[PDB]
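For reference, the structure is listed below as structure tokens.
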Amino acid sequence: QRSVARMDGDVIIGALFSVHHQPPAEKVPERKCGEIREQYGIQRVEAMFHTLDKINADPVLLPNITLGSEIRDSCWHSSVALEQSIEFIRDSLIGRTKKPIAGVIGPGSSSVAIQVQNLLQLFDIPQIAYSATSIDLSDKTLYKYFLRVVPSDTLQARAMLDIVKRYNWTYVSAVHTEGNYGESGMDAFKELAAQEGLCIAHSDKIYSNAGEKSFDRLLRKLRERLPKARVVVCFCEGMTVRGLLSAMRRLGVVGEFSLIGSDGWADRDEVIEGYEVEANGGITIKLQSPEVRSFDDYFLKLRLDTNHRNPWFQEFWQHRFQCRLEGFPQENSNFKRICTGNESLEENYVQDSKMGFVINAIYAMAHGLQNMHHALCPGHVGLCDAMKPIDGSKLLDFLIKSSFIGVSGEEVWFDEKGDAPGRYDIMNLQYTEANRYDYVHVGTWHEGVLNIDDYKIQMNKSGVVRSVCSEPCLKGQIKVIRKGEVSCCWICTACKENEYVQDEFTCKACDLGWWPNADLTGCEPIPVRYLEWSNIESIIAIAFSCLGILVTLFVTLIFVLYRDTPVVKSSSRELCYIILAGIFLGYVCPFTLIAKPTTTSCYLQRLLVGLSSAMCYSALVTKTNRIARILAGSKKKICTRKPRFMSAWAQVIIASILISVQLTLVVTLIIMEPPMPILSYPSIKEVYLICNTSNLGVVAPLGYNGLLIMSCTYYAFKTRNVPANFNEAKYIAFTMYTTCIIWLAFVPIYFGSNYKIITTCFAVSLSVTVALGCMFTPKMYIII
Amino acid sequence: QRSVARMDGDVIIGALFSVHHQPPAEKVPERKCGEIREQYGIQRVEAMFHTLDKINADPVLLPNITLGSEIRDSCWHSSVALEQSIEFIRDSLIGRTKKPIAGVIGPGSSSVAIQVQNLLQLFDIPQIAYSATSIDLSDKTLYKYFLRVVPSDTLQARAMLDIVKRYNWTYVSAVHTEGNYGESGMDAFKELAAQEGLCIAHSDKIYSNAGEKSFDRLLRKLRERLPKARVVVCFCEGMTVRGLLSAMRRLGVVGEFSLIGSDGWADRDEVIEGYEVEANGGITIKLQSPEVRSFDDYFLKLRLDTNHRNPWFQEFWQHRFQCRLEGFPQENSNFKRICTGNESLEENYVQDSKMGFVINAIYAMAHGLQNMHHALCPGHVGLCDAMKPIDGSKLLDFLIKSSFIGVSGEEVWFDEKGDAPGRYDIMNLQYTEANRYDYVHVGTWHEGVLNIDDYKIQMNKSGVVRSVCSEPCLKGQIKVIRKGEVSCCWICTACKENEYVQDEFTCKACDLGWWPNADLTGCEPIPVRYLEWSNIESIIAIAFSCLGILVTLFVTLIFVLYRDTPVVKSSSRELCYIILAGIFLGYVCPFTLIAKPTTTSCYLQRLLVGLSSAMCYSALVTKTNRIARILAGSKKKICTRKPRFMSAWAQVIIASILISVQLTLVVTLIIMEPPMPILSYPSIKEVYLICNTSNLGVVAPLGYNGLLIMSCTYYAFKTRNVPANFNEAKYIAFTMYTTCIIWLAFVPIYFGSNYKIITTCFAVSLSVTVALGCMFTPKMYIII
Amino acid sequence: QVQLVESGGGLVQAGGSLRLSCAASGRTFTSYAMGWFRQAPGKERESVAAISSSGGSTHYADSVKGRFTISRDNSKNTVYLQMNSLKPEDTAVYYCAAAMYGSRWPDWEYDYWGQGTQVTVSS
Amino acid sequence: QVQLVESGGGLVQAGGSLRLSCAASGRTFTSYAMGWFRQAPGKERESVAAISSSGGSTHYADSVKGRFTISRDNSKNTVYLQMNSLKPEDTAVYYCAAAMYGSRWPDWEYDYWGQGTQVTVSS
Ligand SMILES: N[C@@H](Cn1oc(=O)[nH]c1=O)C(=O)O
């Protein structure tokens, strides 16, 4: 059984104020509502009484029409309110006893307003919901009779979206209230956040009156992913956000994540009351409504003896001051410390946000009635036969049409869908003193307009974090792994640096001969490693070979000019001319040996590494087979089948052809082998581009020189110990030793040199410079 | 105001059926209903009249109690359902009161059941809803008075888990239509699936109204996933599985993934109308409802003339047979013909699936009123003063505690949640003829029980469909190595050798000394390689070691047995004895350079490492210093510092100490580090006998050997030119060469190689055996 | 349930066209079908006037077909008739009765009755 | 507006402990406090006793203090004054009165006055 606050009139305007809290979770099937709300239903019963006093007393609004009221308790529960709606309609639903409710000042939860709407529209009884935001109530096919004096949730979804996008916040948790406010409003928000770049940490839905264990559970599901996604955009009512803050105390969440609220937590000093530090810096959004001041007068001038019309007043009072009444009626036994009469209401007293609107909504009914009185029966006064009884459909027509400026000075007029205009005043909860708390106007939303001054917000500019699952960690040379399931919440990673990122999700390995340039935005030429000029570390061997060329000119001076030496006035002149040709070849080798990294000069390098080696041993094989063609019919070797002839030009023939067999075979395989500068990767970093080769392809040059090395040293067997000419036993022996050992020295080092032609100029220089300074210094020094 | 088909009985069971269609948007706020539904509406108003005829003729259920009714029309809409609900309580609330309605056979939407449940819970009127199948209607805090003879969508959630589990499908992507039906149902399924050990890839919230591009794009994310997943669980509805299928057409993906949806499309043939060939192999499910047959006969006997207890029969006719009954009242002057005398309902008759449930519900009430009567009016038959007026709360007590047997021999049954058992039919769409498609069973579900009669399911097509996010490689050596993504989506990998799956996810590398047993199920002892004979290719080193001892035993036989040999005893006898000692100390240890390393044997082993080699060179230095001391001491090496003595035993005590010096150096470099091995296994594979060798202790003894040889061969540069004997000292400078070359050519094949042990054996055995072969084997023949 | 009231009967002439307003209670009224029975003193009851639920087609006794009109308002919960070409004997107790179900007209099982008026008629 | 009736008058001698039960009639009654008044033959309607709205705080006049016992049941809409040790000056007409919006007891607003009784204490 429940109290009704009924004042008489000749038109009666019911109302559904949330006097008591919502019933406790288990007790709702019994529908007993807990504790008086002190800020949210009882001030509003006093609002409505005050306003109907005023409008009964106004000379122009409803003059000689007198207004009653029947306030009933909503309780913030669908079942509890729908009982009371039946009590409104019941009077006429089933001589004279009672009087019909003309209007209803609809309840504050969107959900209780829906339930009451679905019952009232069946009876033609208009409803004005002083703060029922949920957009679902914007379809006047279902919810015909529904007027607001407030903005639908789409604006608020839009505002909080404009906030979270403005701060650069992307990846945000989203808890919300179960029921129509949280559902329709949160769905509108989330739909926008999809399109406007944002993401979601966990879309959670928890009831208002939910027990603690469910709120504990939500703080688990909301504090996982706190390491990253720190801005929970709660769409909730006051008491759901309160249950959040309760779980924030109960566990020590106190400074963890922010709390960007909504109109349910608009400007409410009853949802942070005892949870201050737990949710500082919360970015809430109320509706623009100036606080009504004639109401603060009338309310803080209420003694407990002048209210003979507000049944919840005594229980309100006993609750306000935690004091039992010694002999007042309806005294509560649980209360202690009997009240002293000297009690004010000024004690931590926030009036309300929605108090501007509650007064406007009662005015909307007042106007709709008076528009009706001078649109149906004009020229008459007070009551007339029409509107007696009122037709709620006709009255609704007047309500949706009729504009007025309510008490607060603001203008309020109804759309084609019973809505009304409103600004949103952003707030930020703050430490405002030496440990003291307020909601302060830190900005305003108004119709795309959004004005917020971050230095003044929370008193910090770095303040709250750049909330995102993955940073702007996409620095140059980094891609996105897409995570699998959320693209917005991707996984950052530097790609393989050999791969150059063009597109934002495709890092790609560049083509060869192009190594990825700066920022991986392309690839640039691995340059040419020009071996055509010089190099100081090689210039030592270059100038040594140039001195080899000098002493080549000197042996041409001592030999080619003046033939008058017993060694060339005796020996076959052309054997000495061709060791002079082959040595000048082993010395112009260094000139033509440096080469550019293009195929022309690549075959040039081949023409120096295998061919000029073949011609180096042209000189050396002519030495051995020359002295050996004279050794054929000599005692110094033992043989019956002489490899010799009687023509000296025929001796030069046999040496020449046993060079030219190797020569022709090398020219054959190198005209066969396609040589080329190559962009091979011994390493990613070298500027190489330099010539390629299969080493067994130049082992055959070495191989013929080297089998003929075996033959030369094989003839050095006895010629080392046949001392006849001027100690050339000694020097020919040791120098066939030098050439054999330096070839057999460089050849594991040749394959030890990654790039070989360095080792070739070095070994060929030593060998042929020994041939000069050892086979030419003694002979031409004794016949100087 | 509407029509109301009523029977005057004693206790009256109200009814809300979906007679008409819901008001189209034109007139939703007018709330006037469309045309009759004929399969949900008046079929059921007749099922209810029939079943009250039965229960008022049944002698068990309510003897001497008539069972009236007040049927209204919900229209499948919330506002009209609620206007009607208000009419039922109108009379009850107060040419007087006729009868309080005992219960309400609950209207057939979920979301007009909820909205009526609120209004009836107010008044204590238990409401039994035959097709309110939403999840939220089990929560009896809100909907306390809400019975039903259908299962919650939690039981479809259970059943679809049973199917996907009963085929060991585990990686099923999830789709759903949005709303209280599709989201609540799918969410319950999803969490149930999670705990059971199932998985997902996406959770599509497609709408029933979405654009072709929307189904296309949801199907596209499905399609990107399709190389893995082949099964798509759905809580999709008629038009939604349709629109998803429409996107499947537009892609040419007619038969690829086994979609597996709830009863949104069990017997909805409309979902495949003109479309069938693109939904082949989809395993849908429904409610097991039998048909009901005495109701068929009652229906098809309905004389339009003889009925006087049912408005909307006339309209049932005039809408089914399109004829205006000119004489009959409520003629539809808007239909163009006249009714002939010969039409009857036999044509195009389909008894609805929700009909068994309607008659089960009308029973569950009649047995509620009965069971209440049997337990609260004892000894009296029919209405006593208790149960007059019949209470609703106590009725809810008996009504929920009353088991029963239905019409179809099945048992109606209520939990504490006021919900039903859930009996289901599990169906498939398949090749049933020549390319023809009709919805057919495979079997059933029952309370917890499954019945897949697999043989009939899709002819091995659904017998071969399979999907898992990672194919189980639950064999050892093959870890499951995943990302931190989700429990089903891992990756298989093969393990490293050192590892083995102790922890199934992560192969445990056990310690060195245990190597992983085959299949990687553990680890056991590793084999070892000590090397006594060491091979047949090492029996070759043994062959030469053995054979060298045979000939040197023969030299100790016939050499020392002679006692007298002029060349042997030419100089000091003591020098001869020192050489003998030297050679056989050089060849005592290489006969046993085979040895086993143990802690006790470490003095035996690690001695023979360097001290075999030490004594091997002590032989060579005894002979080198014999020849160099005889060069120095005699006039052969002429020098001012020739340090001889007077009694040549001093010239041989110097020799004894010049061997004791190397002895001391090597035993010193041993006892600097006492004997052990260090079992370095270069891999978990390679296990060998590898003793410590500080490379210092190789290069030092080596260098000492080489330096003493080269100083003595430096003195003996004058016997490599001329011997003054039977060629002894010349062959001994040849010994110096032929032995020093193999020593100082052995160093890189012990150093820069891998294998060491037999190579040191080669070096030192070869060195001594050839020193003997070149200095001591000639002399034994030259002095015969 | 339905509660009726019958007005418009009164003293008119031979040729005098008169209203018959049968007003009603009950809100279901547009579900019912009206008829006016004709029973003057000395001549028993015969069904002469009738009208379906919807308005729709309607019925007059052939004997007086074209000598009347019938109208109805679902709106005002009230049916209407008019006599034309009245006669001394066209009078009768005009039992506006109301049938929901029925057969072919005029055998409807007239459930809810009005008082009806013995319409005093002269020339 | 909750209307009241009394029940349980009786002419009983002194010492006879006697019951009075004022039943209410209407919804919204766990929101009312109640009172019991009496007027002796040629006297004033004294405030005998009363109880709070919720129950669990009771008031008795000095003149009968602690002797008489007032309880309430809200499900029944009824209050019970059971008096002990009755004496011939405990004779008076006894009225019940629903009080709401009261000051300190006994300065309440007793608006819903009952019917009235006579509960005499004879010899
Ligand atoms: N925006 C809320 C209204 N609001 O919720 C509260 O918790 N207080 C309040 O005024 C709704 O639409 O329900």
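Chain labels follow the order of the structure tokens: the first chain is A, the next B, and so on; residue numbering restarts at 1 in every chain, and ligands are counted from 1 in their shown order.
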* Using only C-alpha atoms, determine which residues lie at most 7 Å from stretch 10-22 of chain D, disregarding the query and same-chain residues fewer than 6 positions distant; provide the list as a VMD selection string. => chain D and resid 4 78 to 88 96 119 to 123
Show me a table, sorted first by chain and then by increasing residue number, of the residues of chain A having an atom at most 6 Å from ligand 1, each with its shortest atom pair and the distance in Å to one decimal, counting only C-alpha atoms and all ligand atoms and written as CSV.
```
residue,atom,partner,partner_atom_place_in_ligand_line,distance
A:108,CA,ligand 1,3 (C),5.3
A:109,CA,ligand 1,13 (O),3.5
A:110,CA,ligand 1,13 (O),3.9
A:131,CA,ligand 1,3 (C),5.1
A:132,CA,ligand 1,12 (O),3.8
A:133,CA,ligand 1,12 (O),3.5
A:134,CA,ligand 1,12 (O),4.8
A:181,CA,ligand 1,12 (O),4.5
A:237,CA,ligand 1,7 (O),3.5
A:238,CA,ligand 1,7 (O),4.4
A:263,CA,ligand 1,1 (N),4.9
A:264,CA,ligand 1,6 (C),3.7
```
* **Superposition RMSD [C-alpha atoms, order-paired], chain C onto chain D** =>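 That gives an RMSD of 1.0 Å.
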* To do: Name all residues at most 9 Å from stretch 316-325 of chain B (count only C-alpha atoms; drop same-chain ones fewer than 4 positions away) and give them as a PyMOL selection string.
  => (chain B and resi 35-38+42+304+312+329-340+343-345) or (chain C and resi 104)
* Given identical sequences, what C-alpha RMSD separates chain B from chain A after least-squares superposition over all Cα in order? ->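 The fitted C-alpha deviation between chain A and chain B is 4.8 Å.
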* To do: Give as JSON, numbers by chain every residue of chain C that touches chain B within 8 Å, counting only C-alpha atoms.
  => {"C": [27, 28, 31, 32, 33, 51, 52, 53, 54, 56, 57, 99, 100, 101, 102, 103, 104, 105, 106, 108]}
Can those selected residues be exported to a file as a PDB file, in the first residue's frame so that it contains C-alpha atoms?
```pdb
ATOM      1  CA  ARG C  27     -18.529  -0.658 -26.373  1.00  0.00           C
ATOM      2  CA  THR C  28     -18.531  -3.815 -28.565  1.00  0.00           C
ATOM      3  CA  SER C  31     -19.568  -6.015 -33.629  1.00  0.00           C
ATOM      4  CA  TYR C  32     -23.373  -6.468 -33.377  1.00  0.00           C
ATOM      5  CA  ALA C  33     -25.990  -6.262 -36.148  1.00  0.00           C
ATOM      6  CA  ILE C  51     -28.595  -3.978 -40.867  1.00  0.00           C
ATOM      7  CA  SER C  52     -25.289  -5.874 -40.636  1.00  0.00           C
ATOM      8  CA  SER C  53     -22.360  -4.997 -38.323  1.00  0.00           C
ATOM      9  CA  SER C  54     -20.125  -3.005 -40.689  1.00  0.00           C
ATOM     10  CA  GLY C  56     -22.192  -2.913 -45.399  1.00  0.00           C
ATOM     11  CA  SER C  57     -25.259  -4.367 -47.132  1.00  0.00           C
ATOM     12  CA  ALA C  99     -27.770 -10.123 -32.992  1.00  0.00           C
ATOM     13  CA  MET C 100     -24.043 -10.878 -33.205  1.00  0.00           C
ATOM     14  CA  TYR C 101     -24.259 -14.412 -34.707  1.00  0.00           C
ATOM     15  CA  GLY C 102     -27.068 -15.660 -36.892  1.00  0.00           C
ATOM     16  CA  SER C 103     -28.178 -17.356 -40.065  1.00  0.00           C
ATOM     17  CA  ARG C 104     -29.414 -15.951 -43.328  1.00  0.00           C
ATOM     18  CA  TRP C 105     -31.590 -12.867 -42.640  1.00  0.00           C
ATOM     19  CA  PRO C 106     -34.095 -12.603 -40.862  1.00  0.00           C
ATOM     20  CA  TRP C 108     -30.244 -14.061 -36.604  1.00  0.00           C
TER      21      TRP C 108
END
```
* Quick one: everything within 9 Å of stretch 283-289 of chain A, counting only C-alpha atoms, minus sequence neighbours fewer than 4 positions away in the same chain. Send it as a PyMOL selection string. => chain A and resi 150-151+156+159-160+163+258-267+353-357+408+410+422-429+439+444-445+457-458
* Distance-based interface of chain A with chain B, 7 Å, counting only C-alpha atoms, as number ranges by chain -> A: 26, 28-29, 79, 83, 93-94, 118, 122, 141-142, 144
* To do: May I have the residues within 12 Å of stretch 382-393 of chain B as number ranges by chain, using only C-alpha atoms and disregarding those fewer than 5 positions away in the same chain?
  => A: 29-30; B: 9-13, 59-67, 92, 97-104, 120-127, 144-146, 365, 368-377, 398-400
* Extract the full set of strand (DSSP E) residues from chain D according to DSSP on the backbone, and format it as a ChimeraX atom specification. => /D:3-5,12-13,18-25,33-39,46-51,58-60,69-73,78-83,93-99,110-113,121-122
Excluding residue B:769 and any residue of its chain fewer than 4 positions from it, enumerate the residues within 10 Å of it, using only C-alpha atoms, and give them as a PDB file with C-alpha atoms, in the first residue's frame.
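Result went into around-v8.pdb, see below:
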```pdb
ATOM      1  CA  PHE B 544     101.811 -49.980 -37.016  1.00  0.00           C
ATOM      2  CA  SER B 545     102.216 -49.561 -33.205  1.00  0.00           C
ATOM      3  CA  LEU B 547     104.540 -54.021 -35.769  1.00  0.00           C
ATOM      4  CA  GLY B 548     107.014 -51.335 -34.658  1.00  0.00           C
ATOM      5  CA  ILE B 549     107.215 -53.079 -31.219  1.00  0.00           C
ATOM      6  CA  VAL B 551     110.918 -55.154 -34.839  1.00  0.00           C
ATOM      7  CA  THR B 552     112.230 -53.128 -31.816  1.00  0.00           C
ATOM      8  CA  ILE B 583     114.384 -44.748 -28.159  1.00  0.00           C
ATOM      9  CA  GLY B 586     109.932 -42.923 -27.051  1.00  0.00           C
ATOM     10  CA  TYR B 587     108.185 -46.203 -27.945  1.00  0.00           C
ATOM     11  CA  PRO B 590     102.785 -45.160 -28.173  1.00  0.00           C
ATOM     12  CA  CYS B 616     108.771 -39.623 -28.058  1.00  0.00           C
ATOM     13  CA  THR B 739     110.959 -36.561 -38.507  1.00  0.00           C
ATOM     14  CA  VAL B 764     104.350 -39.452 -32.071  1.00  0.00           C
ATOM     15  CA  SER B 765     104.212 -43.157 -33.158  1.00  0.00           C
ATOM     16  CA  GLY B 773     113.857 -46.971 -38.972  1.00  0.00           C
ATOM     17  CA  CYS B 774     116.404 -44.297 -40.073  1.00  0.00           C
TER      18      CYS B 774
END
```
Write out as a short mmCIF file (atom, residue, chain, number, x, y, z; two decimals) with C-alpha atoms, in the first residue's frame the residues lying within 12 Å of residue C:63, counting only C-alpha atoms and excluding same-chain residues fewer than 4 positions away.
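Contents of out-v3.cif, as written:
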```cif
data_model
loop_
_atom_site.label_atom_id
_atom_site.label_comp_id
_atom_site.auth_asym_id
_atom_site.auth_seq_id
_atom_site.Cartn_x
_atom_site.Cartn_y
_atom_site.Cartn_z
CA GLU C 46 -42.37 -9.95 -37.66
CA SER C 47 -38.82 -8.81 -38.52
CA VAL C 48 -39.05 -5.90 -40.98
CA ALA C 49 -35.81 -3.89 -40.69
CA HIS C 59 -32.05 -5.47 -45.18
CA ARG C 67 -40.38 2.78 -48.06
CA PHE C 68 -37.54 3.17 -45.52
CA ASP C 90 -46.87 0.75 -40.59
#
```
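Across the structure, atom CA of residue B:748 and atom CA of residue B:696 are spaced 14.5 Å apart.
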* **One-decimal distance in Å that lies between atom CA of residue A:645 and atom CA of residue A:663** =>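 It comes out at 23.3 Å.
Here atom CA of residue A:447 stands at a distance of 21.6 Å from atom CA of residue A:360.
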